[PDB]
Structures are given as C-alpha cells and as structure tokens.
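Enquirer: Just model-v7.cif, nothing more (mmCIF, N, CA, C and O atoms):
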```cif
data_protein
#
loop_
_atom_site.group_PDB
_atom_site.id
_atom_site.type_symbol
_atom_site.label_atom_id
_atom_site.label_comp_id
_atom_site.auth_asym_id
_atom_site.auth_seq_id
_atom_site.Cartn_x
_atom_site.Cartn_y
_atom_site.Cartn_z
ATOM 1 N N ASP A 1 -12.145 -19.974 29.133
ATOM 2 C CA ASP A 1 -13.445 -19.349 29.368
ATOM 3 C C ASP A 1 -14.208 -20.275 30.294
ATOM 4 O O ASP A 1 -13.754 -21.407 30.543
ATOM 5 N N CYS A 2 -15.326 -19.847 30.788
ATOM 6 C CA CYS A 2 -16.079 -20.633 31.715
ATOM 7 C C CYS A 2 -16.960 -21.645 30.994
ATOM 8 O O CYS A 2 -17.389 -21.430 29.828
ATOM 9 N N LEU A 3 -17.198 -22.747 31.660
ATOM 10 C CA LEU A 3 -18.056 -23.777 31.160
ATOM 11 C C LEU A 3 -19.469 -23.293 31.286
ATOM 12 O O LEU A 3 -19.874 -22.790 32.338
ATOM 13 N N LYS A 4 -20.192 -23.427 30.240
ATOM 14 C CA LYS A 4 -21.513 -22.872 30.152
ATOM 15 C C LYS A 4 -22.571 -23.894 30.508
ATOM 16 O O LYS A 4 -22.245 -25.019 30.880
ATOM 17 N N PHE A 5 -23.818 -23.495 30.450
ATOM 18 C CA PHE A 5 -24.913 -24.349 30.855
ATOM 19 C C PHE A 5 -24.975 -25.602 29.992
ATOM 20 O O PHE A 5 -25.103 -25.522 28.759
ATOM 21 N N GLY A 6 -24.849 -26.741 30.641
ATOM 22 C CA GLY A 6 -24.880 -28.000 29.953
ATOM 23 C C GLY A 6 -23.495 -28.513 29.631
ATOM 24 O O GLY A 6 -23.338 -29.661 29.175
ATOM 25 N N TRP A 7 -22.476 -27.698 29.902
ATOM 26 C CA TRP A 7 -21.121 -28.088 29.576
ATOM 27 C C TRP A 7 -20.622 -29.078 30.578
ATOM 28 O O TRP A 7 -20.939 -28.982 31.764
ATOM 29 N N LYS A 8 -19.869 -30.026 30.108
ATOM 30 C CA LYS A 8 -19.379 -31.091 30.942
ATOM 31 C C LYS A 8 -18.211 -30.607 31.789
ATOM 32 O O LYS A 8 -17.289 -29.941 31.284
ATOM 33 N N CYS A 9 -18.264 -30.928 33.053
ATOM 34 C CA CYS A 9 -17.301 -30.465 34.027
ATOM 35 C C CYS A 9 -16.882 -31.608 34.942
ATOM 36 O O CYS A 9 -17.310 -32.755 34.762
ATOM 37 N N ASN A 10 -16.032 -31.302 35.888
ATOM 38 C CA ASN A 10 -15.597 -32.234 36.899
ATOM 39 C C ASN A 10 -15.942 -31.618 38.228
ATOM 40 O O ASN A 10 -15.468 -30.527 38.522
ATOM 41 N N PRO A 11 -16.760 -32.299 39.051
ATOM 42 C CA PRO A 11 -17.300 -31.746 40.313
ATOM 43 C C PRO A 11 -16.257 -31.163 41.288
ATOM 44 O O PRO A 11 -16.584 -30.289 42.087
ATOM 45 N N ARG A 12 -15.018 -31.628 41.222
ATOM 46 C CA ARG A 12 -13.976 -31.107 42.101
ATOM 47 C C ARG A 12 -13.433 -29.765 41.638
ATOM 48 O O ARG A 12 -13.004 -28.950 42.452
ATOM 49 N N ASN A 13 -13.453 -29.536 40.360
ATOM 50 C CA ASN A 13 -12.928 -28.302 39.811
ATOM 51 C C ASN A 13 -13.999 -27.593 39.023
ATOM 52 O O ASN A 13 -14.216 -27.879 37.835
ATOM 53 N N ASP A 14 -14.701 -26.717 39.689
ATOM 54 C CA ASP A 14 -15.767 -25.967 39.066
ATOM 55 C C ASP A 14 -15.173 -24.915 38.166
ATOM 56 O O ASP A 14 -14.395 -24.057 38.614
ATOM 57 N N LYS A 15 -15.493 -25.001 36.910
ATOM 58 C CA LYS A 15 -15.045 -24.039 35.934
ATOM 59 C C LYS A 15 -16.238 -23.467 35.210
ATOM 60 O O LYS A 15 -16.108 -22.873 34.140
ATOM 61 N N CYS A 16 -17.392 -23.600 35.822
ATOM 62 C CA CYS A 16 -18.617 -23.148 35.217
ATOM 63 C C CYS A 16 -18.751 -21.631 35.382
ATOM 64 O O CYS A 16 -18.114 -21.030 36.266
ATOM 65 N N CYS A 17 -19.530 -21.022 34.520
ATOM 66 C CA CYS A 17 -19.762 -19.579 34.526
ATOM 67 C C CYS A 17 -20.372 -19.077 35.844
ATOM 68 O O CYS A 17 -20.851 -19.858 36.658
ATOM 69 N N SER A 18 -20.332 -17.789 36.050
ATOM 70 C CA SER A 18 -20.819 -17.187 37.264
ATOM 71 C C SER A 18 -22.340 -17.353 37.391
ATOM 72 O O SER A 18 -23.106 -16.908 36.527
ATOM 73 N N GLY A 19 -22.757 -18.045 38.438
ATOM 74 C CA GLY A 19 -24.164 -18.313 38.651
ATOM 75 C C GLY A 19 -24.504 -19.715 38.216
ATOM 76 O O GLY A 19 -25.637 -20.189 38.363
ATOM 77 N N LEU A 20 -23.521 -20.371 37.685
ATOM 78 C CA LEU A 20 -23.629 -21.687 37.189
ATOM 79 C C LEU A 20 -22.678 -22.545 38.008
ATOM 80 O O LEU A 20 -21.598 -22.084 38.370
ATOM 81 N N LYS A 21 -23.047 -23.749 38.303
ATOM 82 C CA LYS A 21 -22.224 -24.590 39.129
ATOM 83 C C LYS A 21 -22.175 -26.001 38.582
ATOM 84 O O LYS A 21 -23.134 -26.480 37.975
ATOM 85 N N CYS A 22 -21.066 -26.637 38.777
ATOM 86 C CA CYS A 22 -20.893 -28.007 38.384
ATOM 87 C C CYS A 22 -21.595 -28.877 39.421
ATOM 88 O O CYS A 22 -21.298 -28.780 40.629
ATOM 89 N N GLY A 23 -22.553 -29.668 38.980
ATOM 90 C CA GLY A 23 -23.295 -30.487 39.901
ATOM 91 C C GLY A 23 -22.514 -31.689 40.343
ATOM 92 O O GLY A 23 -21.884 -32.358 39.533
ATOM 93 N N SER A 24 -22.605 -31.983 41.606
ATOM 94 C CA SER A 24 -21.877 -33.068 42.219
ATOM 95 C C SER A 24 -22.408 -34.422 41.769
ATOM 96 O O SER A 24 -21.640 -35.336 41.470
ATOM 97 N N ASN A 25 -23.719 -34.529 41.679
ATOM 98 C CA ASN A 25 -24.364 -35.766 41.242
ATOM 99 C C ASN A 25 -24.625 -35.706 39.747
ATOM 100 O O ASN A 25 -25.354 -36.522 39.180
ATOM 101 N N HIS A 26 -23.995 -34.747 39.113
ATOM 102 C CA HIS A 26 -24.087 -34.548 37.693
ATOM 103 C C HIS A 26 -22.691 -34.578 37.118
ATOM 104 O O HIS A 26 -21.729 -34.907 37.825
ATOM 105 N N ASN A 27 -22.573 -34.286 35.861
ATOM 106 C CA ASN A 27 -21.281 -34.251 35.211
ATOM 107 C C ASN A 27 -21.235 -33.018 34.323
ATOM 108 O O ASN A 27 -20.375 -32.852 33.461
ATOM 109 N N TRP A 28 -22.145 -32.123 34.599
ATOM 110 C CA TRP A 28 -22.309 -30.920 33.818
ATOM 111 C C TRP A 28 -22.628 -29.698 34.679
ATOM 112 O O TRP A 28 -23.022 -29.814 35.856
ATOM 113 N N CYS A 29 -22.441 -28.563 34.081
ATOM 114 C CA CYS A 29 -22.729 -27.278 34.661
ATOM 115 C C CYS A 29 -24.241 -26.994 34.638
ATOM 116 O O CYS A 29 -24.853 -26.914 33.557
ATOM 117 N N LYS A 30 -24.831 -26.857 35.814
ATOM 118 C CA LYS A 30 -26.250 -26.551 35.970
ATOM 119 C C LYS A 30 -26.383 -25.240 36.723
ATOM 120 O O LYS A 30 -25.399 -24.746 37.277
ATOM 121 N N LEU A 31 -27.567 -24.678 36.745
ATOM 122 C CA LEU A 31 -27.789 -23.387 37.387
ATOM 123 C C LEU A 31 -27.651 -23.506 38.885
ATOM 124 O O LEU A 31 -28.268 -24.378 39.507
ATOM 125 N N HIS A 32 -26.834 -22.644 39.453
ATOM 126 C CA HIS A 32 -26.545 -22.669 40.864
ATOM 127 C C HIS A 32 -27.762 -22.244 41.677
ATOM 128 O O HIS A 32 -28.316 -21.154 41.479
ATOM 129 N N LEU A 33 -28.173 -23.098 42.561
ATOM 130 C CA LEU A 33 -29.283 -22.836 43.421
ATOM 131 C C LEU A 33 -29.013 -23.517 44.745
ATOM 132 O O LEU A 33 -28.451 -22.882 45.642
#
```
Please lay out the structure from this file as structure tokens.
Expert:
Amino acid sequence: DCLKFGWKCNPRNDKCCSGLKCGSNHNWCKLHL
C-alpha cells in the first residue's frame, strides 16, 4: 500500500500515496506541492 502522511520513506523511491510525496530534505511523506 502507499506510504501515508508522515510515513517514513526513502527520497529515491517514492512510495507515498497519490498527492503525497517523499520529501528530499525529509525522510517522510509530506503533501505534494
């Protein structure tokens, strides 16, 4: 399933939910803007 808001991710492999993005300077899924 997709990584949800606040879920820890790896910036190279975005597995965050639709509209949500793994932040490059972060380590978690934040709202895509």
Enquirer: Would you mind listing what lies within 7 Å of residue A:26 as a list in words, with all atoms listed in the file counted and same-chain residues fewer than 4 positions away left out?
Expert: residues 9, 10, 11 and 22 of chain A
Enquirer: On this file, the PyMOL selection byres (((chain A and resi 8 and name CA) around 8) and name CA) gives some set of residues; write that set as an MDAnalysis selection string.
Expert: chainID A and resid 3 6:7 9:10 27:29
Enquirer: Identify all residues satisfying the PyMOL selection byres ((chain A and resi 31) around 5) in the given file; provide them as number ranges by chain.
Expert: A: 19-21, 29-30, 32-33
Enquirer: Can you tell me, as a list in words, which residues in stretch 2-33 of chain A count as strand (DSSP E or B) by DSSP?
Expert: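 Matching residues, listed in order: residues 3, 8, 10, 13, 16, 20, 21, 22, 28, 29, 30 and 31 of chain A.
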Enquirer: What is the atom O of residue A:25-atom N of residue A:1 distance in Å, reported with one decimal?
Expert: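 Interatomic distance here is 23.4 Å.
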Enquirer: Mind giving me the axis-aligned box for stretch 24-33 of chain A with 3 Å on every side, centre plus edges in Å to one decimal, as JSON?
Expert:
```
{"center_x": -24.8, "center_y": -28.8, "center_z": 39.6, "size_x": 14.9, "size_y": 21.4, "size_z": 18.2}
```
Enquirer: Could you tell me how far atom O of residue A:23 sits from atom C of residue A:4, in Å to one decimal place?
Expert: 12.4 Å
